[PDB]
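[1] Structure for this input, please:
(chains A, B, C, D, E, F and G, ligands or ions: 19)
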Amino acid sequence: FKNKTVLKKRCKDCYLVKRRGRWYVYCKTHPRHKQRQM
Amino acid sequence: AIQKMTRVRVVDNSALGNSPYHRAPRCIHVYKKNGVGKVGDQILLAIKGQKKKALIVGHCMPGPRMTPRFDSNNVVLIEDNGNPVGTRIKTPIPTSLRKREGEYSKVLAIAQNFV
Amino acid sequence: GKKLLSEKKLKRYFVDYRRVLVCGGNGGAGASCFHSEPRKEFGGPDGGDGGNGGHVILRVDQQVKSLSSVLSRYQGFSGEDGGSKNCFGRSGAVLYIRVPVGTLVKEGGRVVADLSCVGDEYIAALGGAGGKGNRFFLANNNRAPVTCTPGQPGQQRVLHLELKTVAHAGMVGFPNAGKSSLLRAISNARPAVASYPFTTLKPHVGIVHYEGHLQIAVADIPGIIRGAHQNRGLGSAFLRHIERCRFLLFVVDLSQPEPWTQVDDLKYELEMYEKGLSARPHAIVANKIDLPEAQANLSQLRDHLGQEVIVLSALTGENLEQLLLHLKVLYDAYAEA
Amino acid sequence: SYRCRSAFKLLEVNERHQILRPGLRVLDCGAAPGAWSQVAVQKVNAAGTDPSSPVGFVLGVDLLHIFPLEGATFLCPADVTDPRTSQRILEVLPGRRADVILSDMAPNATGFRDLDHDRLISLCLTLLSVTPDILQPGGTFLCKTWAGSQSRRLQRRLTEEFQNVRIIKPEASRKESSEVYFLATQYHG
Amino acid sequence: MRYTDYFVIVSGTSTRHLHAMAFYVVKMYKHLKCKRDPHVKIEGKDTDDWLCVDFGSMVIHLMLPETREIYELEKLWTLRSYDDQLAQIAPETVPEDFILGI
RNA sequence: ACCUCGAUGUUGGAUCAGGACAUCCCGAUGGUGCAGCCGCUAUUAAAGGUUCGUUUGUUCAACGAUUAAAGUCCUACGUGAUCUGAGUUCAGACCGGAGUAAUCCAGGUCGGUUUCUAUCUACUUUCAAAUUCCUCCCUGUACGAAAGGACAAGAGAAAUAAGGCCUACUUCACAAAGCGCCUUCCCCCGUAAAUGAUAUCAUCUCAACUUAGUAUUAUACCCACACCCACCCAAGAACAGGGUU
RNA sequence: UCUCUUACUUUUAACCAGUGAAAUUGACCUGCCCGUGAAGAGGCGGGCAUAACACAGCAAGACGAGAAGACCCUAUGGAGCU
Ligand SMILES: Nc1nc2c(ncn2[C@@H]2O[C@H](COP(=O)(O)OP(=O)(O)OP(=O)(O)O)[C@@H](O)[C@H]2O)c(=O)[nH]1
Ligand SMILES: Nc1ncnc2c1ncn2[C@@H]1O[C@H](CSCC[C@H](N)C(=O)O)[C@@H](O)[C@H]1O
Ligand SMILES: [Mg+2]
Ligand SMILES: [Mg+2]
Ligand SMILES: [Mg+2]
Ligand SMILES: [Mg+2]
Ligand SMILES: [Mg+2]
Ligand SMILES: [Mg+2]
Ligand SMILES: [Mg+2]
Ligand SMILES: [Mg+2]
Ligand SMILES: [Mg+2]
Ligand SMILES: [Mg+2]
Ligand SMILES: [Mg+2]
Ligand SMILES: [Mg+2]
Ligand SMILES: [Mg+2]
Ligand SMILES: [Mg+2]
Ligand SMILES: [Mg+2]
Ligand SMILES: [Mg+2]
Ligand SMILES: [Zn+2]
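    Numbers count the residues shown, from 1 in each chain, chains lettered A, B, ... in the order given. Ligands and ions are numbered 1, 2, ... in the order given. Take a look:
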């Protein structure tokens, strides 16, 4: 997970969610794409 | 207890230990969390313009009851490897050295007397 | 914990050659301040010196196995700048670059280090000397502020880190001669083997065990072609490993109508790379003898190449033992003393 | 300018004794970072700044690396204990000899008075052994020594080979410090 | 001699050959080891030439031929106080009245 | 900037610390150009810990030996009615230099007086629910061409910290002490998962909800109350406390 | 001296009896945290705490007490020396 203020897409497989009251980006093909809202 | 700046006696047949010199060998360092060194502990020596590792073998300070207590601070010169530089130990070594944790077997091997 | 299955194109990860510009730590430093006190208001000059730059050393690590980890540009840690109260700057810590076992360092046309051993080190760049302070320069004559200069930035050196895989024996042959297959046979190593040509782009080392607790390393490189001096095919770039290899295995497929011409092409191309490689001692090994056409052409191989050439199958593992005998004998011959 | 404050120690010794003269060959040992080499070259005019004055030669040998200097050549890394390095000193020095010996070399201080003393004195013994082929007859010898037991021993052998042994403790050297310099002029034998 | 029942010395060809033997012996030991029989530790893996393993009532020394020539462990243990190496070394005594003279 | 601090100056050091996290080490995660071993980067965590010498008045720094690590700060650059006075500071003297001189110097060097009987505030047994290193087993296994080399689970040894004790050893001797002996117990709030809508697929949910996750607590210690003759005491400044069949 | 402090004696000390000072003192029925006062609160603001009363210790605060004031500046103030 990388802390980013603004969240982007790196893939089509890449998807957003709102968990624990913050935005995240999850990615099954490339787990390196993961992002956490700060 | 052998700590920093303590005079020790090299009880070996090693050339370095038995060589005539103006200085008695001194304890540079003790390899223990607290500075005090009892028997079996490793300590660093300044002899004859060089640093050498050594194993404590008997000391003047009283220990556990049935364990022997010597009248001089006896050390054996060892390499960093663990190989003793000398071949023979004339002076008796305590038997307790056997059960203690570490590389003691080689030194036991070259010793003649157990007390 | 499992190792990830590798793609054929693993040359993406594995790097043999790299141009590095190494620069040591800068001097930093520089203080031009003045001390003051309650009773003594003027006090005097008060400049601490700065710490020296950290050196750059190419320490050899066994567990890197590639020059992929090294970067294009390295900069050593600079020493802290001098402060007031005549406080000195701390010298930068030493920067270490981990480099493979078979590495070689070349600066300006000539080799500077061959770090072919374990634990051996070479100083890539000297860290620059830390500059002087205001307290320096104080004399009976002065009482004056000069901060000198930051002084001596780290040494800029451009060098080529070049990896030559270290083995006792290497393999040379045309594509689809079954080099990878043969390696897979004799060693526990698993090189990628396939019918399509120009496989095993990355050099592959497997070792062979023996009864005397000694190990002989054999290397597998990609297929070579006649020419290769004009960078046709995969070129002769991969031939760099073979320089370190004590002897060669001339792997020749019998599928081709004239396999005797194969070794002629191989010796010619090796000469094109380096003169002594052709004169270097070797063993010639024939493969894929399970096929009837190989058995047919065997007679003419005996006519041309002679009895000394050892005939083998990789798939069925025919006459593998004679190879092992010959490997050991060549080792004992001219790999000793 | 001077790379270390050690250069100031030599200045104080020189002014008293006139150890360095123009057109006089100098060997510096433990030169790096080169404060002693920088101060020597000015006095001997090895850089050739003064046209009228004769030009000398300075060489420095140390384990650590040194930046190049005007009118001075360096050989590093080198150890004087190694006899191989001596031949390399021999070849570069003009006239097969070096007139001046400066020994400000000291093995890294361990923080034990006894151990540090023994190494530095024995290092000077090695210098004394290698004097005959390096040092020109009537040449000057200067070595840095820590104060201890075998300081007297080093004095005794110096008095054998040299006419006079001068014990110097410079003001530039910290007064509380135990470092002592032995000067030995008029080399014979 | 309050050390062991049986002392054993064995030589080796190479450093890695010594590790082979020592590690096999300890491995096989554990197989046949009694439950209450304490576990054992190999000594001197960092060392080049000398390896040692202590068992309950057996002590084994793995060496090169080089170290055998310099230690003479067999001689020490067969004949204790009578070996040649003990003869060369003599005990040092302080002078009477405790005065040294040059 | 300022009619705010300081007439027993200020730097360091001793002692004793309180706090912040922007975490040096130990704990929990995500990613990796993470085979394993080391590594690189980010989230979370301040309960605990964070070495000894030499040079220099050293704060710094360098050097040597270690460690698990030898963190970055703030607190009147914490603390001098708790202590030193080494440097820099008054009266003496010298070197070098300025000056006609008296005298001076951001330089170098030698010597040089640290007071206080505590009135008020505050405080003077709250709880330890203990941390870490190493060795062995697994195992020399997984993994790996080899070289190398794991994790959970478990065992033993130590070191310190806290709380005690005197049978031995030791300083000693109706006792008090360490150099000696005994005991020392809970988890972390970052993420990993299902089922399932808005948006009939999917989706870990600032949707309703379901497990790692208790997503908060221990347990333990104390706990009756004559005479207040006098004596004694492992209790104690006094007072009080225990015993006196 | 220190690692690393310990034990005992004397002095002091603390209690009973006799004698009996000094600096100091606007008045005080004299708390803690946060803010304000730019720095600096026992006394001002918002919270919190809180029956009364001796004796023994400690030195964090009372910008603690005591002095022929250390430093910088001023005076159409002095004085010594050249
Ligand atoms: N019949 C038979 N076929 C064989 C034998 N050995 C190899 N082969 C075939 O030949 C192929 C050789 O492929 P590689 O081993 O990759 O070839 P190479 O010699 O390493 O050369 P590159 O393709 O350039 O890497 C194998 O994939 C088999 O199909 C053999 O003993 N018998
Ligand atoms: N035998 C030897 N020969 C040469 N250099 C030596 C030596 N023994 C030690 N040294 C090196 O000498 C260095 C000190 S010499 C430096 C002196 C001073 N800084 C100058 O102005 O020159 C040490 O760092 C050490 O590494
Ligand atoms: Mg100032
Ligand atoms: Mg192939
Ligand atoms: Mg104004
Ligand atoms: Mg004021
Ligand atoms: Mg944080
Ligand atoms: Mg502040
Ligand atoms: Mg105070
Ligand atoms: Mg005096
Ligand atoms: Mg009193
Ligand atoms: Mg009274
Ligand atoms: Mg008074
Ligand atoms: Mg306030
Ligand atoms: Mg008030
Ligand atoms: Mg009171
Ligand atoms: Mg005044
Ligand atoms: Mg007037
Ligand atoms: Zn994706």
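[2] all strands in chain A, in order from the N-terminus.
    For chain A, applying DSSP state E gives strands covering A:2-4, A:15-19, A:22-26, A:35-37.
[3] Any chance you could list what contacts the last one?
    With contact meaning CB atoms under 8 Å, 6 or more residues apart in numbering or on different chains, strand A:35-37 is reached by A:1, A:2, A:3, A:4, A:5, A:7, A:8, A:22, A:23, A:24, A:25. In short, each C-beta sits where N, CA and C put it, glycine included.
[4] try 6 Å this time
    A:1, A:2, A:3, A:4, A:7, A:22, A:23, A:24, A:25 (CB atoms under 6 Å, 6 or more residues apart in numbering or on different chains).
[5] quick revisit: highest mean neighbour count out of the strands of chain A?
    Mean neighbour counts were taken over the strands of chain A using mean count of other CB atoms under 10 Å in any protein chain shown, and the top value, a mean of 17, falls to strand A:35-37.
[6] How far off centre is that one?
    From the chain centre to the centre of strand A:35-37 is a distance of 5 Å (CA atoms, centre = their mean, to the nearest Å).
[7] ditto for stretch B:101-111
    That offset, for stretch B:101-111, works out to 12 Å (CA atoms, centre = their mean).
[8] so which of the strands of chain A gets nearest residue D:162?
    strand A:2-4 (73.0 Å; CB to CB).
[9] Show me what the closest one pairs with in its sheet, parallel or antiparallel.
    Paired strands of strand A:2-4, with direction, are strand A:35-37 (parallel) (DSSP bridges).
[10] before we move on, the earlier item: turn the strands of chain A into CSV, including distance to residue D:75.
    Shown next, in CSV, are these (distance: least, CB to CB, whole Å):
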stretch, distance to residue D:75
strand A:2-4, 53
strand A:15-19, 67
strand A:22-26, 61
strand A:35-37, 58
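[11] any chance of those strands in a markdown table, plus distance to ligand 2?
    Formatted as a markdown table, those follow (distance: least, CB to the nearest ligand atom, whole Å):
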| stretch | distance to ligand 2 |
| --- | --- |
| strand A:2-4 | 46 |
| strand A:15-19 | 59 |
| strand A:22-26 | 55 |
| strand A:35-37 | 51 |
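[12] right, so of these, which gets closest to residue C:140?
    Per CB to CB, nearest to residue C:140 of the strands of chain A: strand A:2-4, 59.0 Å.
[13] can you tell if that closest one touches RNA strand F?
    Yes. On the criterion CB under 7 Å from any atom of the strand, strand A:2-4 is in touch with RNA strand F at A:2, A:3.
[14] Residues in contact with that strand: which ones?
    A:35, A:36, A:38.
[15] 10 Å instead, please
    Residues from elsewhere that reach strand A:2-4 (CB atoms under 10 Å, 6 or more residues apart in numbering or on different chains): A:23, A:25, A:32, A:33, A:34, A:35, A:36, A:37, A:38.
[16] Can stretch C:321-328 be said to contact RNA strand F?
    No. Stretch C:321-328 is not in contact with RNA strand F by CB under 7 Å from any atom of the strand; minimum separation 14.2 Å.
[17] That stretch vs chain E: in contact?
    No. Residues of stretch C:321-328 are not located near chain E by CB under 10 Å from any CB of the partner chain, the shortest gap being 15.9 Å.
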